[PDB]
Structure formats: C-alpha cells, structure tokens
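Protein chains: 4
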Amino acid sequence: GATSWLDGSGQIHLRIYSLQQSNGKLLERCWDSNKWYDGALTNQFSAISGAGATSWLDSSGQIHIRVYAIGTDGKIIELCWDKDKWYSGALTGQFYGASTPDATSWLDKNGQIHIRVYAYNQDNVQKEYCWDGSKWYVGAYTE
Amino acid sequence: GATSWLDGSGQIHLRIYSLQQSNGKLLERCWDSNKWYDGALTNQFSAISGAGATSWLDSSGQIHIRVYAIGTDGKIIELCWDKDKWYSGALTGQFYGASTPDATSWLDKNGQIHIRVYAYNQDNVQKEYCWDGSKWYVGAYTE
Amino acid sequence: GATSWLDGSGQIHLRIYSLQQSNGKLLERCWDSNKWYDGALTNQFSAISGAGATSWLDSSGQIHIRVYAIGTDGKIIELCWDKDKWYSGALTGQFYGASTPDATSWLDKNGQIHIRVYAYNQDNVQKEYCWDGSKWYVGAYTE
Amino acid sequence: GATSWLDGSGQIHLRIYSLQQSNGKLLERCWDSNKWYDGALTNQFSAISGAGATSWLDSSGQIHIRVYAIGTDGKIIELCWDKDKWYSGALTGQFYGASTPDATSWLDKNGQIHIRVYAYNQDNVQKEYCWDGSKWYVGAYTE
Ligand SMILES: CO[C@@H]1O[C@@H](C)[C@@H](O)[C@@H](O)[C@@H]1O
Ligand SMILES: CO[C@@H]1O[C@@H](C)[C@@H](O)[C@@H](O)[C@@H]1O
Ligand SMILES: CO[C@@H]1O[C@@H](C)[C@@H](O)[C@@H](O)[C@@H]1O
Ligand SMILES: CO[C@@H]1O[C@@H](C)[C@@H](O)[C@@H](O)[C@@H]1O
Ligand SMILES: CO[C@@H]1O[C@@H](C)[C@@H](O)[C@@H](O)[C@@H]1O
Ligand SMILES: CO[C@@H]1O[C@@H](C)[C@@H](O)[C@@H](O)[C@@H]1O
Ligand SMILES: CO[C@@H]1O[C@@H](C)[C@@H](O)[C@@H](O)[C@@H]1O
Ligand SMILES: CO[C@@H]1O[C@@H](C)[C@@H](O)[C@@H](O)[C@@H]1O
Ligand SMILES: CO[C@@H]1O[C@@H](C)[C@@H](O)[C@@H](O)[C@@H]1O
Ligand SMILES: CO[C@@H]1O[C@@H](C)[C@@H](O)[C@@H](O)[C@@H]1O
Ligand SMILES: CO[C@@H]1O[C@@H](C)[C@@H](O)[C@@H](O)[C@@H]1O
Ligand SMILES: CO[C@@H]1O[C@@H](C)[C@@H](O)[C@@H](O)[C@@H]1O
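First to last, the protein sequences are chains C, D, A and B.
Per the entry's author numbering, the first sequence runs over residues 2 to 144.
Per the entry's author numbering, the second sequence runs over residues 2 to 144.
Per the entry's author numbering, the third sequence runs over residues 2 to 144.
Per the entry's author numbering, the fourth sequence runs over residues 2 to 144.
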C-alpha cells in the first residue's frame, strides 16, 4: 500500500506499507523531508497479504491513516492512526478476504470520512465494504 | 486498485480496477451517481497482476487517472487517462515487476503532478519509480 | 503441477498442468516420446489457481491421474482420468482452498490407491484431505 | 509441495514442504508411522514461494529428495537430501523464478535420476529445467 499527503508548507509525506518476508509482520516506511525511515506500525501486526492504504487530512491538519490487510485468521484487519498510536478498527474480523485489499476514501462537506474497501472473499466474489460514519456495510459493488 | 475523486457538486466518482480471471485483461468498474458500469479501459490491456491506481484533478476540473500492472512480458505497464482515451504511458516496458504495483501521486503548487510507483522487481527488491514531469527514475526508497 | 510415469518399455510420460492466463482454463501438456502436445484436459475446465497433480499405474499398466485446483467458487476441484475421459471427482466442491493444492498418492498391497491433498482453507489453516477408497476425510496433518 | 514413498515394509512416508508465514523459512512436516513431526530441513532455508518436491528410492532403499522454491534473490533454489544432510544443489541461483516450481523425476534402467523442474521466469514464460546427470539445461517444453 502507498499513501501520501501534503502539509501546509507543501512538503510531501509518504507512507509505504508492505508485508515483511522475514517475519510476517507489516512494515511501514516513512518519508517526511529527506530520507526514508521506519514507521511506528512496523512489527506490531501479523498479516498474510500486502496492505491497502488510504489517508485524509482533517480541518486541523491532522493526518488519519487506514491500512487494510488479511490477518492470520483469513479475515480483513483494519489498522488505524488518528493522532499518536495504531489501533485495530471496527472492520477487523468481520469478513473473509482472499486478496490484498484495495481502499479509497473521501471527506464530505461536513468533514465526515467515507471509506470503501474491496477484496475477494472465500467464495471468489469481489466485495465492497463501506463506511459512512456508523457501521461497516456491504456495498452495491459487483464485478 | 481503487481510486476516487469529488467533482465540483460534491458527488463521489469511484474507479475500481481488477484483472479478469476469464480473459487476463483489466476491468474498470465505475460509479458516478447511482450505479456500477464497465469503463472504457475494460478489455484494452492484458496483465498478469492486479492494478494499482492513482488519480488527480487539474485546475480545470479534468480527472487524470494512472493505472499500474504487470504486463504479459513481466514488465510494469502504465495506463493513462487525461481526457477521452486510455493510452500506454512512458513507464511501460522499462522495469520488471513481481508484485501488484502500488501508486500514489500529488500536485505541487505549479500544477505539476508527481507520481511514485512501488513494486518488487525480478531480484525480489522493492523498487520505487518516480515521475516529477521529465523521465521516470529509480527513487531512494528501500525497505 | 507435474506428474510422470514409466511404461513397460522404460519410456517416460510427462503431464504438465497449468492455468492459462488468456482464458482461465487449465492446460495439459503431454510428452510421450519426442514432442509436447495438448492433452484432452486442455480448455475443458475453469480454475483460479494452478493445479497439483498425482498419478499411479494399475496392475494392467493403465495410468490414472488426479489433478487438484481451486475452482471459480473458491472450492477445491478434483479432475480425474482412469482410461479415456476426464471427470469431476468426489472431492470437488467439499472444501474451500486458498492455495494451489499439493497432492501425493501411493498404492497399498491390495492395489487400493491412497491420496493426500494439502491446501490452505478460508481460515488460513493448512488442511490435509485423505482418500483411502471410501470417502474424503480431514487428516491428522497440522503445520 | 508433497512427496511420498513406500519403504520395504510397505509403510508410507510423507514429506510436506511449506513456506512459514512467521519467518519466511521452509518447513518440512514428516509422517513415517503414526505422527507428524518437524523434519531436519525446517528453518534452514529462506524462500519467497512455496516449494515443489520430488523424491526417488535408490537400489539400497535410501530416499533422495529434491525441493525447489524461489529464493530471496528471485532465483530458483534447489535443496537436496541423499542420506543425512540438506544441501544446496547445482540448480540454485541459475534462473529467475516467478512461480512456485513444479518438479517430477524418474529413474532409468541404469539407476540415473532424471529431473524436470517447471516455473515461470522473469519474462512471464513457462520454462522447463532438465537434469539427466551432468548439467541443468533448458528443455523443449512450451505451452
Ligand atoms: C509520527 O509518526 C509517523 O507518522 C504517523 C503519521 C504514522 O505513519 C506513524 O506510524 C509514523 O511513525
Ligand atoms: C471511528 O472508527 C474508526 O475510524 C473509522 C473512520 C473507521 O475506520 C472505523 O472502522 C474505525 O474503527
Ligand atoms: C450509496 O452506495 C454506496 O456508496 C456508493 C458511493 C458506492 O460505494 C456504492 O457501491 C455503495 O453501495
Ligand atoms: C467517462 O468515461 C468514464 O470515466 C472516465 C474518467 C474513465 O474512467 C473512463 O474509462 C470511463 O469510461
Ligand atoms: C505526460 O506523460 C504521461 O503522463 C505522466 C503524468 C506520466 O504518467 C507519464 O509516464 C505519461 O507518459
Ligand atoms: C527526491 O527524492 C525522491 O522523491 C521523494 C519524495 C521520495 O519518493 C524519494 O525516494 C525519491 O528519490
Ligand atoms: C491419451 O491421452 C493422453 O494421455 C492421457 C494419459 C491423458 O493425459 C489425456 O488427457 C491425454 O490426452
Ligand atoms: C473412485 O472415485 C474417484 O477416484 C478416487 C481415487 C478419488 O479420486 C475419488 O475422489 C474419485 O471420485
Ligand atoms: C492414518 O492417518 C491418515 O493417513 C496418514 C498417512 C496421514 O496422511 C495422516 O495425517 C492421516 O490422518
Ligand atoms: C530422517 O530424517 C527425516 O527424513 C529424511 C528423509 C528427511 O526428510 C529429513 O529432513 C527428515 O528429518
Ligand atoms: C549430484 O547433483 C545433485 O543431485 C542431482 C540429482 C541434482 O539434484 C543436482 O542439481 C544436485 O546438485
Ligand atoms: C529429451 O528432451 C528433454 O527431455 C524430455 C523428457 C522432455 O523433458 C523435454 O522437454 C526435454 O527437452
């Protein structure tokens, strides 16, 4: 997964997520100014796929990140950053996934984030999972 | 791959890219208001991986989309939309890829797009390919 | 998948199974003496993985072949050859598979074939499926 | 990968090779009589794919095993057992691999092993690599 955002000074920030071949844990690599370095997510969570990532800036300029992967039980895991720590989101453990999830997100005029996550399930069907601010639900998407 | 943008009315547009198990060609599924439909990219390009996608809006409100996959020669293919047609971009055929590419992009203050594409290569090295408006180059990223 | 056997004259026979990128159908490539040719299985069956294969010779010198793949519903499919046609075996549709299955087989003193098939399931557990001549059952194998 | 052989008492021996999600090393699971156990190959070798396996019995009743995987440099690795140790075979490092290798083998009338290994290469071509007792060579196999 790759996600990026511009701060108020026009500096690009990159966050690159991958599954480490040597320990089965997600890696986060960060660029904030002039070099690559390790992110806090590194080595916290096991997965069995790569990760899809999306991010957004709130009205205060705080970055929010969401990372989606397949966990060690075959179900989608959601990892969240809002301020100062990674935590497992509400999506975690709800749905079986068979592919590296894709994700996109957008902010509406009220500052409510909307997220869409896409992954194959156990029946080889491409599914869309939707967040509009209350509960995850299965979307209308079909292949 | 999933990408999305908001138009001037606050309507979300979704574009979801996937590799068809039946014919080895990329599918584009589109949402503009109230239903999913097959996009113009569908069946124009063969690949052997999934697709990473990024997009941006120019100052006129025109969407630009870039889609990255592994082609049938084992090399990264770049598919481009700027207005009314899909075409193969400058990145195509330069580098071997061994994983579904990730991509991100941002617009600088001068309206110049910057793109970063990430994929494993034939040597099992995670590589970053960078566009800043002239030529693709290998970036500083490492795991 | 690859399987092979020696006939009574000491001639090698090779059978190589793969999933075609262009049509999502299994291909069988055959070697019996001096050239590769397309086997009868070719283009008959859709799958979403590669295929594992095993084979055995009965006391009359008749080859029997079993090929295992993930079907388009996410479940293991078994394709069988005993004499003159491919058919779907008893294993088909019983279990979810999340990996290209592996298979091995042996003949006991009474000429009864025993088959063992290994694949991850939807819960990311490596499973063994066993045939000893009556019904498929889940074996004692654990990772 | 799965391989099996019958000893002189008619007892089945199973050897199941897999890539461990926890450490990126090959696991060998063994059945000789009444239980599964970890074999000596376990945790010796890193890989980035699953493993294909083949085995044969020599005239003394000694098993020989060959295991094929993609190593951490993107090239096929060959792991060999003839009596009492695993070692890297002559195929290791020669060819790029982009898929879990398949392998089969047969003994000719003189007791010379023949091995055939199949894997995609970096150019998305299915390749056959052949051993007849001197050097590995690219075979006539095509799709
Ligand atoms: C300040 O912390 C750095 O940036 C945050 C936005 C997160 O990506 C975090 O894991 C990383 O270590
Ligand atoms: C407030 O809830 C947290 O953030 C939302 C935007 C979602 O990512 C949800 O799954 C998560 O638990
Ligand atoms: C309102 O419908 C929901 O949101 C739309 C933007 C799409 O993601 C659609 O598939 C989904 O069911
Ligand atoms: C109007 O055309 C639709 O939208 C464009 C932005 C592209 O996604 C195109 O392939 C699609 O058919
Ligand atoms: C103008 O060149 C086109 O657009 C750029 C933004 C890049 O995607 C490039 O590879 C492509 O050929
Ligand atoms: C200027 O350096 C280039 O751009 C940065 C934003 C990073 O993508 C870096 O790896 C790359 O080499
Ligand atoms: C004679 O038929 C050839 O050999 C048989 C053993 C099968 O492999 C069949 O699919 C193939 O066409
Ligand atoms: C006789 O039944 C057929 O052959 C056996 C050896 C098994 O492969 C079984 O699943 C298949 O239906
Ligand atoms: C008797 O046990 C059955 O056969 C053995 C040969 C093993 O395959 C074992 O896991 C299985 O349960
Ligand atoms: C006796 O040793 C056991 O059997 C051999 C045939 C090999 O599979 C070895 O790794 C394993 O530990
Ligand atoms: C004697 O050579 C060893 O055994 C042969 C049968 C091959 O597996 C070869 O690559 C390996 O080095
Ligand atoms: C004699 O030809 C060699 O051996 C045969 C058994 C086949 O493996 C063939 O593709 C290879 O070139």
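Think of the CB as a built atom: it goes at the ideal place given N, C-alpha and C, for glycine as much as any other residue.
### Query
Of the residues B:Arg117, B:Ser106, B:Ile13 and B:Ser5, which one's Cα is nearest the Cα of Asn35 (chain B)?
B:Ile13
### Task
Can you check the region 34-74 of chain C for any beta strand (DSSP E) of at least 3 residues that lies completely inside it and give the ranges in chain order?
37-39, 53-58 and 64-71
### Message
Beta-carbon within less than 6 Å of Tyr130 (chain D)'s beta-carbon, same chain only, minus the 5 sequence neighbours each way: which residues are those?
### Response
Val118 and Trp137
### Message
Taking beta-carbon pairs under 7 Å, can you tell me which members of the region 22-38 of chain B lie near chain C?
### Response
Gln22, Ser23, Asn24 and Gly25
### Buried/exposed call for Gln127 (chain D), threshold 16 Cβ in 10 Å
buried
### Anticipated Cβ contact below 8 Å, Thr143 (chain D) with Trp107 (chain C), distance rounded
Contact flag wrong, Cβ pair sits at about 32 Å.
### Task
Confirm the yes/no value for this check: CB of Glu29 (chain B), any heavy atom of ligand 10, distance under 7 Å.
yes
### Query
How about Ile78 (chain D): is its C-beta nearer than 8 Å to some C-beta of chain A?
no
### Task
Starting from the beta carbon of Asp109 (chain C), find every residue of chain D whose beta carbon is closer than 9 Å, and list them in chain order.
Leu7, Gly11 and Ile13
### Message
Taking contact to mean 3 or more Cβ pairs, one atom from each stretch, closer than 8 Å, check whether the region 65-74 of chain B and the region 95-107 of chain B are in contact.
### Response
yes
### Query
By the 10 Å Cβ neighbour count, where 16 or more other Cβ atoms means buried, how is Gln63 (chain A) classified, buried or exposed?
exposed
### Task
Answer with yes or no whether the minimum CB distance from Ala99 (chain A) to chain C is below 8 Å.
yes
### Task
Check whether the Cβ of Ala141 (chain C) lies closer than 7 Å to any heavy atom of ligand 3, and answer yes or no.
yes
#### Entry: Closer than 7 Å at the beta carbon, the chain B residues around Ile49 (chain C)
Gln22
### Message
Less than 8 Å between CB atoms is the rule here; does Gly75 (chain A) satisfy it with respect to chain C?
### Response
yes
### Message
Please identify the residue among B:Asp85, B:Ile49, B:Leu7 and B:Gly134 whose C-alpha is closest to the C-alpha of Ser100 (chain D).
### Response
B:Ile49
### For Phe46 (chain D) and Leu80 (chain D), believed in contact at Cβ under 8 Å, the rounded distance
6 Å
### Task
Compare the C-beta of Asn44 (chain B) against all C-beta atoms of chain D and say whether one is closer than 8 Å.
no
### Message
Would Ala104 (chain C) pass as an interface residue toward chain D - the criterion being a Cβ-Cβ separation below 8 Å?
### Response
yes
### Task
Please look up how many angstroms separate the CB atoms of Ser60 (chain C) and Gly112 (chain C), rounded, as I've assumed it's under 8 Å.
6 Å
### Query
Whose Cβ in chain D lies nearer than 8 Å to the Cβ of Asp124 (chain B)?
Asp74 and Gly75
### Query
Going straight from the alpha carbon of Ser56 (chain B) to that of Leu7 (chain A), what length do you get?
15 Å
### Query
Would you call the CB atoms of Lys76 (chain A) and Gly98 (chain A) closer than 8 Å?
yes
### Query
Whose C-alpha, out of A:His115, A:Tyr18 and A:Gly51, is nearest the C-alpha of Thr43 (chain A)?
A:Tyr18
### Under the three-state DSSP convention, the category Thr101 (chain B) falls into
coil
### Min CB distance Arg117 (chain B) to chain A below 8 Å
yes
### Task
Using 7 Å as the cut-off, classify the Cβ of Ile64 (chain C) as near or not near the heavy atoms of ligand 1, replying yes or no.
yes
### Message
Below 9 Å on C-beta distance, what does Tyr142 (chain D) contact in chain C?
### Response
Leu15, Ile17, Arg30, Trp32 and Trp37
### Task
Using the Cα positions of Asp33 (chain C) and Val139 (chain C), report the straight-line distance between them to the nearest angstrom.
35 Å
### Task
Quick one: using the 10 Å Cβ neighbour count with 16 as the cut-off for buried, is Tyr88 (chain C) buried or exposed?
exposed
### Query
Would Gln127 (chain D) count as contacting chain C if we go by Cβ distances under 8 Å?
yes
### Query
Thinking C-beta only, is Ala52 (chain D) closer than 8 Å to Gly94 (chain D)?
no
### Task
Specify the secondary structure class of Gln127 (chain B) as computed by DSSP and reduced to three states.
strand
### Task
For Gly2 (chain D), return the contacting residues in chain C, with the cut-off set at a CB-CB distance below 7 Å.
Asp103
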